[PDB]
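Contents: one structure, followed by commentary.
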């Protein structure tokens, strides 16, 4: 398990009113994982939004980062309103821009609906990868290649609403390659290009979570991946979309 | 009408990274998301030399005054051999109206199959396009697919075409969410996201599948997939919108 090491790296060091440094964890590559850097960037934005939770976030992964060096996150105030907040986060290593993200926030409480969580057998039946347990429920490789899974963090989580959201985003990104990799026939190196999350309800990480995954489309080198996450109770947690690059 | 739309989408360049876009008369003097995000996408694109957008993410932050023009600043996020990325910030007198990020580039293809539908024949802006409404339901997901084509012939610039796709995909995606609510709630768009697939053919009708999968109180999600009449996927779309209590 590597949850303790993950949680540590997710505790960013503030070096300014709008500036943070995020420690990276060793990877064979050493390639920084999108989900990791976008989770850190989301925390960066969140900490500059006073007692407000993220309801959506859009992240572009622009350049591959060196996980042996830490990452500088600059936050920019796009909007600060009575109801909503908006942030820009730019992640850098030296002069290099690794990713840029936008995120939106509001203060929390009434017309509610969601997709119904698919019936599935209950779950009883790389540092960035090892912090969570997983049960891959069922598999198809022909597009849309639905490969839904059960997952939970391997360890106890502080029950920080904001930390939980970034961990949801964290995991939502790193597990979303496989449906696309499956649809292609596999054996192909890929790079994530962007990640998008819309938050619905608050995640319960003290139990298993259902992460429905698929790859609806691929326009050549670029494949789309789609995701919906549920609490074991069946409440929708987040809706997810991801675009990734496959070099010919 | 199309002529007025095309005119405003042709931005005036005032710098290497700066454009001014004219606005068209709108209800309550407020600018439609689709219009400003399409302008922003064109702003970014004109800073990407002979590259087409494959995706774009736009946040709508403050309502803009459609009686005054808009300043678009473009920022070079990355310029590589294969990919380009841009940030676009739209302002009215230092007020930030929207921000957008977009990505650009210069043998495995798959898509969802286009849904069976009656031919469109067998059946301001926003006024530049014709439309045929296939079916209506108000109970979630409230799928309301439609046929659309421009009311007029478009110049056949691949980049202009994409911005018009994004333009229309945004302004038509409110309805699923509004319907799902029962058609009472006044709304504002919060963000718009487009992933481009195949190149749009605006010389014929296009299939736009629309739905509203979820609503978490004041924030509703809307989802869309657009097809050429041939059944080729043009773009996938997601939109988040705010309904004030």
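Residue numbers (the working numbering), protein chains in the order written: chain A, 320 to 567; chain B, -2 to 242. By construction, the Cβ of each residue, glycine as well, lies at the ideal position given by its N, Cα and C atoms.
Here DSSP, grouped into helix, strand and coil, assigns residue 36 of chain B to helix. In the displayed model, residue 428 of chain A falls within coil according to three-state DSSP, outside both helix and strand. Around the beta carbon of residue 162 of chain B, 16 or more other beta carbons lie within 10 angstroms, which makes this residue buried.
Sorting A/426, A/421, A/512 by C-alpha distance to the C-alpha of residue 495 of chain A places A/512 at the top. The count of Cβ pairs closer than 8 Å, one atom from the stretch 224 to 242 of chain B and one from the stretch 190 to 210 of chain B, reaches three, so the stretches are in contact. The three-state reading of DSSP puts residue 5 of chain B in helix, counting H, G and I together. When A/447, A/330, A/418 are compared, the shortest CA-CA separation from residue 377 of chain A is found for A/418. A residue is called buried once 16 or more other Cβ atoms fall within 10 Å of its Cβ, and residue 456 of chain A is buried on that count. Annotated as distal: residue 11 of chain B and residue 41 of chain B, with beta-carbon spacing of 7 Å or more. When the alpha-carbon of residue 444 of chain A is set against those of A/367, A/343, A/505, A/468, the nearest one is in A/468.
Taking the beta carbon of residue 233 of chain B as reference, the chain A residues within 9 Å of it are 535, 536, 543, 545, 560, listed in sequence order. As the crow flies, the alpha-carbon of residue 128 of chain B is around 19 Å from that of residue 229 of chain B.
According to the DSSP assignment, residue 555 of chain A belongs to the beta strand (DSSP E) that extends over 555 to 564.
Proximity of residue 432 of chain A to chain B, defined by a Cβ-Cβ separation below 7 Å, is satisfied. Within its own chain, the residues whose Cβ lies closer than 8 Å to the Cβ of residue 1 of chain B, once the five positions on either side in sequence are excluded, are 21, 122, 125, listed in chain order. In this structure the stretch 74 to 90 of chain B does not lie against the stretch 475 to 490 of chain A, because fewer than three pairs of beta carbons, one per stretch, are closer than 8 Å. Straight-line measurement puts the Cα of residue 387 of chain A at about 20 Å from the Cα of residue 320 of chain A. Short of 6 Å from the beta carbon of residue 197 of chain B, and not among the five residues preceding or following it, lie these beta carbons of its own chain, in chain order: 158, 162, 231.
Inside the stretch 104 to 179 of chain B, DSSP marks whole beta strand (DSSP E) runs of 3 or more residues at positions 126 to 130, 143 to 147, from first to last along the chain. Following the DSSP letters along the chain, one finds residue 405 of chain A inside the beta strand (DSSP E) bounded by residues 403 to 412.
Note that the C-beta distance between residue 411 of chain A and residue 391 of chain A is below 7 Å. Residues of the stretch 435 to 466 of chain A with a C-beta atom less than 8 Å from some C-beta of chain B are 462, 463, listed in chain order. Look at residue 14 of chain B: its C-beta is not under 7 Å from any C-beta on chain A. In the three-state scheme derived from DSSP, where H, G and I count as helix and E and B as strand, residue 225 of chain B is classed as strand. When DSSP states are grouped into helix, strand and coil, residue 24 of chain B belongs to the helix group. Relative to the Cα of residue 26 of chain B, the nearest Cα in the group B/38, B/98, B/62 belongs to B/62. Taking C-beta atoms as the reference points, residue 375 of chain A and residue 237 of chain B count as a pair closer than 7 Å. Sorting B/206, B/164, B/99 by C-alpha distance to the C-alpha of residue 113 of chain B places B/206 at the top. Residues of the same chain with a CB within less than 8 Å of the CB of residue 102 of chain B, apart from the 5 flanking positions on each side, are 48, 49, 51, 79, 80, 81 in chain order.
Contacts with chain A at 7 Å (Cβ-Cβ) include residue 54 of chain B. Contact between residue 560 of chain A and residue 190 of chain B holds, with the beta-carbon distance rounding to 7 Å and staying under 8 Å.
If you draw a 10 Å sphere on the C-beta of residue 133 of chain B, you find fewer than 16 other C-beta atoms in it, and that means exposed. CA-CA distance, residue 520 of chain A to residue 213 of chain B, rounds to 7 Å. Cα atoms of residue 369 of chain A and residue 93 of chain B: separation of roughly 20 Å, rounded to the nearest angstrom. Within chain A, the C-beta atoms nearer than 9 Å to that of residue 177 of chain B come from 430, 432, in chain order. Contacts with chain A (Cβ-Cβ distance below 9 Å) from the stretch 183 to 204 of chain B involve 187, 188, 190, 192, 193, 194, 195, listed in chain order.
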